[PDB]
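Q: Sequence and experimental coordinates follow.
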Amino acid sequence: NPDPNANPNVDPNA
Amino acid sequence: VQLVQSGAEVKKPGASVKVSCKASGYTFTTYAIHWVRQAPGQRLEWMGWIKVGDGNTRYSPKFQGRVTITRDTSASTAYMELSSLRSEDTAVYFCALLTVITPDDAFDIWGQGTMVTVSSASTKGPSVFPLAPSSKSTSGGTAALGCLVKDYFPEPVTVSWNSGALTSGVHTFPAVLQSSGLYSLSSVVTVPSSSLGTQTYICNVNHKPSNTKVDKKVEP
Amino acid sequence: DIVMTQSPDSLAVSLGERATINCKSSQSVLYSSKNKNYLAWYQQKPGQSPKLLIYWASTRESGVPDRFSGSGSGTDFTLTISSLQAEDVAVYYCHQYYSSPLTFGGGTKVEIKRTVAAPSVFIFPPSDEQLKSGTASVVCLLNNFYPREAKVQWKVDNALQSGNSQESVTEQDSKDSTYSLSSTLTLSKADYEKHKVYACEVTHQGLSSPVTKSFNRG
């Protein structure tokens, strides 16, 4: 799975 | 919505550099500020990020011991400080709101970049010479004129014309490296030959590493 | 680290035709349950900062033209520019944001091919300021030509010069897809003053004759 803290500016949905 | 960085720098090996990134146009605490470097001729390398809200940081392992990202919330500014500099750290350093992706919207904003050269060589400010328009640089109703910016170290010099009001027809060339190790470059513009008697052309040269500012009037 | 590799490193394509840039990641950047690829494309021009074109591998940023489209899943990604325009000359970078550290591809330079355009040739004698300092630089300027291959030769009293000049070319122009070129011949004031005729001699496919621009000292 992706790391959500790799870039905090990315919301895990779009 | 802008990110505006501090100006170019020269450092010697073993020093540190601190670059700033002034944010404006949004709530500074909402997003994370990243720092990305681009060595000349090279790919982009991410250095790390700071959550402006709480001040938490994440650094890339390549830089983990040498870099510090900080922020001043009241000043709306983020900083990146790189320590124990080597010639290899010569690069353009960017701050960026990388890929802000929400369900509503997606945007991405970068600063203009800060050039940092790490070198033991001597800093040298340029001489600025006019390239005057003449019968040998006219072509019909057009005249070419310019400025020669000679013998400086390190890069970058910036050149503008008439404080930025003249941009149409400007070519500022990439610098060449002379056998001496010094750089030179030229900047030219094509203009009406009929108005050489009324218009004033001034090339504004800045070499921030040497604290050199020259405004050279180019006359016929 | 997730290593991003692009191909080709450089591409040259005619105005209006299709340009394809490839990206490979060293591990999958796909969140399979969300069918979400953590992949982005950036465009950068010389001296400028990168500009986001595409994210989630295939979604355009707002205000990015329709002719840009991204596709692929897993480890292989493509950015396609379908009908290439003059303003598209740039280096294109892929970018993953699946895992830390964030990483970028090595870049692919996209150059534009266009019709032949001859240069306008101009010459500039040394300034009095420089002569006062003991050096004489003569500048030959080739403006707005295509293709990039141009030969400048310096002749001092018809003697061909070697070793005393340097030249530089602009990035490709974002509106007409031409180049410009500046050549500087530098001499000591002493040598400058030993001669009379300073001439730039210009060869280019757009020209019907090696064009000469010259002045007499004084």
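A: Great, that's in hand. Numbering: from 1, shown residues only, chains lettered A, B, ... in the order given.

Q: Show the contacting residues for the residue nearest to the spatial centre of chain C.
A: Centroid-nearest residue in chain C: residue C:171, 3.3 Å away (criterion: C-alpha atoms, centre = their mean). Neighbour list for residue C:171: C:45-46, C:89 [criterion: C-beta atoms under 8 Å, 6 or more residues apart in numbering or on different chains]. The C-beta positions use only the backbone N, C-alpha and C, and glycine is treated the same way.

Q: Enumerate the residues of chain A near chain B.
A: Taking C-beta under 8 Å from any C-beta of the partner chain as the criterion, chain A approaches chain B at residues A:5, A:7-11, A:13-14.

Q: Please spell out the PyMOL selection for the buried subset of the residues you listed.
A: Filtering those down to the buried ones (16 or more other C-beta atoms under 10 Å in any protein chain shown) takes a single PyMOL command:
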select buried, chain A and resi 7+8+9+10
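
Q: Dump the residues of chain A next to chain B to TSV, plus secondary structure.
A: Listed next are the residues of chain A next to chain B as TSV, based on DSSP: H, G, I helix; E, B strand; the rest coil:
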residue	secondary structure
A:5	coil
A:7	coil
A:8	coil
A:9	coil
A:10	strand
A:11	coil
A:13	coil
A:14	coil
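
Q: So chain B: which segments form each domain?
A: Residue ranges for the domains of chain B, per curated CATH domains: B:2-118, B:127-218.

Q: quick one: which of the ones you listed is nearest chain A?
A: Nearest of these to chain A, taken as C-beta to the nearest C-beta: domain B:2-118 at 4.2 Å.

Q: still on that earlier bit, top of the contacts of residue C:171 by neighbour count?
A: The most crowded member of the contacts of residue C:171, judged by other C-beta atoms under 10 Å in any protein chain shown, is residue C:89 (20 neighbours).

Q: for it, what are its contacts?
A: Residue C:89 is in contact with C:45, C:110-112, C:171-172, C:174, C:177, counting by C-beta under 8 Å, 6+ apart.

Q: What distance do you get for it to residue C:171?
A: 7 Å (C-beta to C-beta, to the nearest Å).

Q: Which residues of chain A lie near chain C?
A: A:1-3, A:5-7, A:10, A:12-14.

Q: returning to that earlier point: nearest to residue C:166 among the contacts of residue C:171?
A: residue C:46 (19.0 Å; C-beta to C-beta).

Q: Which of the three states applies to that closest one?
A: coil.

Q: which residue sits closest to it, ignoring its sequence neighbours?
A: Of all residues beyond its chain neighbours, the one nearest residue C:46 is residue C:171 (4.5 Å), with distances taken as C-beta to C-beta, 6 or more residues apart in numbering or on different chains.

Q: May I have the beta-bridge partners of residue C:96?
A: residue C:39, residue C:103 (DSSP bridges).

Q: I appreciate the help and will end here.
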